[PDB]
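Participant: please find the sequence and an experimentally derived structure below.
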Amino acid sequence: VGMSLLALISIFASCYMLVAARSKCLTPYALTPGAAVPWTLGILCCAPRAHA
Amino acid sequence: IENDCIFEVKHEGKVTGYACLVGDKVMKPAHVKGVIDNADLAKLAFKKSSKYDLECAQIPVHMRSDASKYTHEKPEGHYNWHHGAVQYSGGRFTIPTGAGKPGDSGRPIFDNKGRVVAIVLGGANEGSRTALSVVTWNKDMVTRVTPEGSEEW
Amino acid sequence: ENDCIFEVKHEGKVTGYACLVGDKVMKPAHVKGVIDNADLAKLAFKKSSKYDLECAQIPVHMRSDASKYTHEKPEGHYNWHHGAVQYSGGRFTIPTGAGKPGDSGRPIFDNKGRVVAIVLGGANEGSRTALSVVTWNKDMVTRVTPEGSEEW
Amino acid sequence: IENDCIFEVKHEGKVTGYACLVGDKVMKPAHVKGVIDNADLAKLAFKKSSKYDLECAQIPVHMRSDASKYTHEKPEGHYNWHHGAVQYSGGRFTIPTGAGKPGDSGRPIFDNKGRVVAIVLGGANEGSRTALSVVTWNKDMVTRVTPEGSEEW
């Protein structure tokens, strides 16, 4: 139980860090009028599908 | 200039700022408090950013026409404001001191051709001109320019 | 420029048009029908679902009646068969109503007289309906669709 | 000045009365139900008093200026009122009967110089002149003077 709990906390913390990184890199591009979102970051991170 | 594009934010009956409707983005200075005066715009999934201090969302398609045009090319020179004019020089925006006071922190900054170049955030008083802590659009980035010793509007 | 836009027929009535640009016959793919010109109707046309543009190569004889094209799209005012269109901020805007569903092929010209767009649809909004259009960037053809645009 | 000093109090869209901004306290008839219109004075603490029917509080310091002056002297005579005027005789305030109708009891009463003497609460008609059931301030005491049979406006 303890090992599995630690594994879950590790997985969840890592995944949260990943999604936080997703935010910290993509939110600078969602608050701009022009949704460029260059396909490099568009592929590397799942792109919000900006709607021209 | 364009009345129907700058919307005020209310906080217990007090206009604490404005939210602009520019470039397919409804936007407001995140650090100003309150809720949009428009009821139709109020029920939107806004999205914050502490490091940029600009809370924005998508303009619903029912009001898309009342949106300003936007630019990133910001030549050095003179630009417009809802309190008089602003002078852009050296990566800084300068205004006659005092003109514009805390509590109107959201109003935009237009260009000679009439299209939005910046969103005011704050003031920094030094001398006969106050430097306007402003949030701008680079080609793809959004950039904060806060002069040293600025103060939040 | 009357002999450069060919209408597409469905059971006796024009349901859209097929434009003749740049050594390519092209049409809004989603509209059904047959090219009115029989000589051009018997050509093979390569469709593309994700771009809604069905095109083919114009026969060598009639290349002359084809318009000139451009890719450089400055901010400003462009032409249309229904009055004018405005290009601003990466969108095309028309007066609402100017666009009727069913004239969904016709092109958008530029000031100098060369095709810059091919309308497909409209996203109705306020006084200025946005035009969902398939443009040609310098080497790609790209769809610009505002939300809720309805296929004309 | 005195034409934008008395802030109306709303209740589902009907003008149910006025709350006056008197001296240093923003008083209000402690009968009239509703919510004050300018929202800010509706968030201040509100000490009520049934026995006096005059519910007041301490004015937010921002709007200190826009508040009328007070007096205790009420020599026999003629006094002002937004529906005309009242006449102080025999310990009673007299108005043309009919002048003023139920629903607007909050309004002040000024003096010739202009110092808010009193705040009306209701009417009582007998003869051509209706007596006003009205609150005053003595040198140290708020006081109700209500003639018999008065029905609240």
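Facilitator: Right, received. Where do you want to start? Numbers count the residues shown, from 1 in each chain, chains lettered A, B, ... in the order given.

Participant: okay, now the closest residue to residue B:32 other than its chain neighbours: neighbour count?
Facilitator: Distances taken as C-beta to C-beta, 6 or more residues apart in numbering or on different chains put residue B:17 closest to residue B:32, at 3.7 Å, once the chain neighbours are dropped. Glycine gets a C-beta too; all of them are placed from N, C-alpha and C. Per other C-beta atoms under 10 Å in any protein chain shown, the neighbour tally for residue B:17 reads 24.

Participant: is it true that residue B:17 touches residue B:29?
Facilitator: Yes. The pair residue B:17 / residue B:29 is scored as a contact, 6.0 Å apart, by C-beta atoms under 8 Å.

Participant: what touches both of the two?
Facilitator: Residues touching both residue B:17 and residue B:29 by C-beta atoms under 8 Å, 6 or more residues apart in numbering or on different chains: B:105-106, B:153.

Participant: would you map the helices across chain B?
Facilitator: B:39-42 (DSSP state H).

Participant: for it, give the residue positioned nearest to chain D.
Facilitator: Ranked by C-beta to the nearest C-beta, the top residue of chain B for proximity to chain D is residue B:13, at 3.3 Å.

Participant: in space, what's closest to that residue - neighbours in sequence excluded?
Facilitator: That would be residue D:39: by C-beta to C-beta, 6+ apart, it lies 3.3 Å from residue B:13.

Participant: can you tell me how far the one you found is from residue B:117?
Facilitator: Distance of residue D:39 to residue B:117, computed by C-beta to C-beta, to the nearest Å: 35 Å.

Participant: out of those two, which sits in the busier spot?
Facilitator: residue B:117 (25 against 12).

Participant: contact partners for the residue nearest to the more buried one when sequence neighbours are not counted?
Facilitator: Nearest residue to residue B:117, sequence neighbours excluded (C-beta to C-beta, 6+ apart): residue B:111, at 4.9 Å. By C-beta under 8 Å, 6+ apart, the contact list for residue B:111 reads B:71, B:74, B:79-80, B:117.

Participant: try 6 Å
Facilitator: Residues in contact with residue B:111, defined by C-beta atoms under 6 Å, 6 or more residues apart in numbering or on different chains, are B:71, B:79, B:117.

Participant: can I get those in TSV including distance to residue A:44?
Facilitator: Putting the contacts of residue B:111 into TSV (distance: C-beta to C-beta, whole Å) gives the following:
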residue	distance to residue A:44
B:71	29
B:79	36
B:117	30
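
Participant: and stretch B:3-19, end to end?
Facilitator: End-to-end span of stretch B:3-19 (C-alpha to C-alpha, to the nearest Å): 12 Å.

Participant: measure the nearest residue to residue B:61 once chain neighbours are set aside to residue B:64 for me?
Facilitator: Leaving aside its sequence neighbours, residue B:61 sits nearest to residue C:147 (C-beta to C-beta, 6+ apart; 5.1 Å). Between residue C:147 and residue B:64 the distance is 9 Å, computed by C-beta to C-beta.

Participant: find the residue at the geometric middle of the chain.
Facilitator: Defaulting to chain A. For chain A, residue A:22 is the residue whose C-alpha lies nearest the centre (C-alpha atoms, centre = their mean; 2.1 Å).

Participant: um, chain B though
Facilitator: Nearest to the geometric centre of chain B sits residue B:119, at 2.2 Å (C-alpha atoms, centre = their mean).

Participant: separation between that one and residue B:104?
Facilitator: From residue B:119 to residue B:104 the distance is 12 Å (C-beta to C-beta).

Participant: same check on residue B:21?
Facilitator: Taking C-beta to C-beta, one finds residue B:21 at 17 Å from residue B:104.

Participant: which of the two has more neighbours?
Facilitator: Higher neighbour count among residue B:21 and residue B:104: residue B:21, with 25 against 17, using other C-beta under 10 Å.

Participant: which residues does that one bridge with?
Facilitator: Beta-bridge pairing for residue B:21 (DSSP bridges): residue B:26.

Participant: tell me the contacts of it?
Facilitator: Residues near residue B:21 by C-beta under 6 Å, 6+ apart: B:5, B:59, B:67.

Participant: buried subset of those, written for ChimeraX?
Facilitator: This is the ChimeraX syntax for the buried subset of the contacts of residue B:21, where burial follows 16 or more other C-beta atoms under 10 Å in any protein chain shown:
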select /B:59,67
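
Participant: among the contacts of residue B:21, which ones are in strands?
Facilitator: Applying DSSP state E to the contacts of residue B:21, no entry is found in strands.

Participant: and which of the contacts of residue B:21 is nearest chain A?
Facilitator: So of the contacts of residue B:21, ranked by how close each gets to chain A (C-beta to the nearest C-beta), first place is residue B:67, at 9.2 Å.

Participant: for residue D:49, see how far away the closest one is.
Facilitator: Distance, residue B:67 to residue D:49, by C-beta to C-beta: 53 Å.

Participant: for residue A:26, same thing?
Facilitator: 59 Å.

Participant: among the two, which residue is more densely surrounded?
Facilitator: Per other C-beta under 10 Å, whichever of residue A:26 and residue D:49 has more neighbours is residue A:26, with 16 against 11.

Participant: what about that one, which SS state?
Facilitator: helix (DSSP: H, G, I helix; E, B strand; the rest coil).

Participant: would you mind measuring from it to residue C:125?
Facilitator: With C-beta to C-beta as the criterion, residue A:26 and residue C:125 are 27 Å apart.

Participant: not counting its neighbours along the chain, what's nearest the residue in chain A that chain B sits nearest to?
Facilitator: Residue of chain A nearest chain B, by C-beta to the nearest C-beta: residue A:33 (2.5 Å). Beyond its immediate neighbours in the sequence, the residue positioned closest to residue A:33 (C-beta to C-beta, 6+ apart) is residue B:23, lying 2.5 Å away.

Participant: pull out the buried residues from stretch B:123-138.
Facilitator: Buried, per 16+ other C-beta under 10 Å, within stretch B:123-138: B:123-124, B:129-137.

Participant: of the residues you listed, just say which sits nearest to residue A:50.
Facilitator: Nearest to residue A:50 out of these is residue B:137 (C-beta to C-beta; 14.8 Å).

Participant: surely the closest one is in contact with residue A:35?
Facilitator: No. Contact between residue B:137 and residue A:35 fails when scored by C-beta atoms under 6 Å: they sit 11.7 Å apart.

Participant: burial count for the residue of chain B found nearest chain A?
Facilitator: For chain B, the residue closest to chain A is residue B:23, as judged by C-beta to the nearest C-beta, at 2.5 Å. If you count neighbours by other C-beta under 10 Å, residue B:23 ends up with 22.

Participant: phi, psi of it?
Facilitator: Backbone torsions of residue B:23, given as degrees, to the nearest 10, read phi 40, psi 60.

Participant: list the contacts of whichever residue of chain B sits closest to chain C.
Facilitator: Chain C sits closest to residue B:65 of chain B, with a gap of 3.3 Å, by C-beta to the nearest C-beta. Residue B:65 is in contact with C:125-128, counting by C-beta under 6 Å, 6+ apart.

Participant: quick check: bridge partners of residue B:77?
Facilitator: On the basis of DSSP bridges, residue B:77 is bridged to residue B:88.

Participant: just give me the neighbour total for it.
Facilitator: By the criterion of other C-beta under 10 Å, residue B:77 has 10 neighbours.

Participant: residue B:100 now?
Facilitator: Residue B:100: 21 surrounding residues under other C-beta under 10 Å.
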